Every structure is written in C-alpha cells, then in structure tokens.
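1. 3D model of this:
(chains A and B)
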Amino acid sequence: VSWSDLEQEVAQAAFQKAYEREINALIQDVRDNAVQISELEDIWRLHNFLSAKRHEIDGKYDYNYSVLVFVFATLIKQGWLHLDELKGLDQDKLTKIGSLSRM
Amino acid sequence: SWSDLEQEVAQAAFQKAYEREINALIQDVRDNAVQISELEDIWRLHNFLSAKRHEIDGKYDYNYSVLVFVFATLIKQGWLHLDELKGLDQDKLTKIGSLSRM
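-> Numbers count the residues shown, from 1 in each chain, chains lettered A, B, ... in the order given. The coordinates are given below.
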C-alpha cells in the first residue's frame, strides 16, 4: 500500500529492465536451439519449452502494485534483477522484497 | 481386408509422405527460429508448433480401419499422389481417390 510518484517511475523502470533481460535471453535460446534440431523430437522439446516459458512470462510480469512486491522478489531470486536496481523505493519495501527473495 | 504386400506398400507410402512433411517442417522451424527478432515472433512460433503437433499426431494414425481416410487426406495436401499407391487393389485406389475429392 502507498506508492510515491517516483516510486511508480522507478518501479516501471526495474520492471522493464528485468523484463527485457529475460526476453533477450529467451531470444538467444530459441536461436541457439535452431542449430541442434535434427530429429522431430527436438521440435517437440522446443514446443514444450515455448509452452512452459510463455506460461511463466505471461503470469510473472504482472504489473500490479498490490502484488508487485512479490513480483520483484521473484526476479531478484532469479537473477533478472538485483535490489541495487530498485534503489529509490521506500525502505520497508527494499527490506521486505529482500526477505522475500530468500523465501 | 488388406493383402500381405498391400500392407508393405502402405507402410512405404505412409512413412515417405511422413518424411516429406517432417523434413519440410524441420526446415520451417529452423528458418523461423533464426529470424526471430521481437518476443511476438516467439509466441507466433509457439502457436505454429502447437497447431502442427496436434495436426501431425492425429494425421498419421496408422490404423488400417481408417488408413483409407488418412491416405486420401495426404493426397489432398500434396504430401502424396495417387501414383505412389499403385500397389494397392484397384478398388481401394478408386475409393481413396474419391475421398481426395472431398
């Protein structure tokens, strides 16, 4: 509850940063797989991968301030974001989000 | 009622048309997975792989009780021509052909 005007600006920032980082990494993966595709089973493994990733990406980047404390905590736990990049938020948030990365 | 060698010419025509479509698919999934630029390109590739996995799994039903319908489809899709089924009884070919026209 309660997000400043610039807290909202630094939130969108850290969101789009971790977002772009993960998309690009995905973009490389789908490329680096086009090489080792020999059998049809390799295509099914690519389909399965695109399924799992699409489901995670569509539901993980939920820009909703009421759960955005949990979203950021995940990204931190996955390396797509560090507390250093959320610099600008109130302190209970930074302290809270941190405690949630290791939970 | 399928002969002993009708079964062999069936396996032949089946897996050949299969290879043509699988090989062609492997090229598409390769050529497209490379030219991906934005994220929207990956979701479109995902949708394609979804529809194809569903179509391919249900397209190649090697079941002699419906294999008259499977072959007729492949012919309507270019993965096979009646010329390649010429080992079958002249009466099946007439049926299979008529289903290509539907």
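2. for chain B, see how far away the residue sitting furthest away from the middle of chain A is.
-> Distance from the C-alpha centroid of chain A peaks at residue A:39, with 31.8 Å (Cα atoms, centre = their mean). Per Cβ to the nearest Cβ, to the nearest Å, residue A:39 is found 8 Å from chain B. No exception for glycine: its C-beta is placed from N, CA and C like everyone else's.
3. which other helices and strands does the longest helix anywhere in chain A contact?
-> What stands out as the longest helix in chain A, according to DSSP state H, is helix A:5-34. Helix A:5-34 sits against helix A:40-60, helix A:68-77, helix B:4-34, helix B:39-59, with contacts defined as 3 or more Cβ pairs under 8 Å, 6 or more residues apart in numbering or on different chains; DSSP states H and E.
4. residue A:102 and residue A:77 touch, don't they?
-> Yes - in this structure, residue A:102 is within contact of residue A:77 by Cβ atoms under 8 Å, at 7.4 Å.
5. residues contacting the residue most central in space within chain A?
-> Centroid-nearest residue in chain A: residue A:75, 4.7 Å away (criterion: Cα atoms, centre = their mean). Applying Cβ atoms under 8 Å, 6 or more residues apart in numbering or on different chains, we find residue A:75 in contact with A:18, A:81.
6. next: the one 5 residues further on.
-> Listed by Cβ under 8 Å, 6+ apart, the contact partners of residue A:80 are A:18, A:21, A:22.
7. ok, those vs chain B, which is closest?
-> residue A:22 (9.8 Å; Cβ to the nearest Cβ).
8. contacting residues for the closest one?
-> Each residue near residue A:22 by Cβ under 8 Å, 6+ apart is listed here: A:57, A:80.
9. kindly recompute the last result at 10 Å.
-> For residue A:22, the contacting residues are A:53, A:56, A:57, A:60, A:61, A:75, A:78, A:79, A:80, A:81, B:39, by Cβ atoms under 10 Å, 6 or more residues apart in numbering or on different chains.
10. OK, contacts around residue A:48?
-> B:49, B:53.
11. wait, doesn't residue A:17 sit right on residue A:72?
-> No - using Cβ atoms under 10 Å, residue A:17 is not in contact with residue A:72; the gap is 11.1 Å.
12. what sits in contact with each of those two?
-> Common neighbours of residue A:17 and residue A:72 (Cβ under 10 Å, 6+ apart) are A:80, A:81, A:85.
13. how much space between the first one and chain B?
-> Per Cβ to the nearest Cβ, residue A:80 is found 15 Å from chain B.
14. what of residue A:10?
-> Taking Cβ to the nearest Cβ, one finds residue A:10 at 23 Å from chain B.
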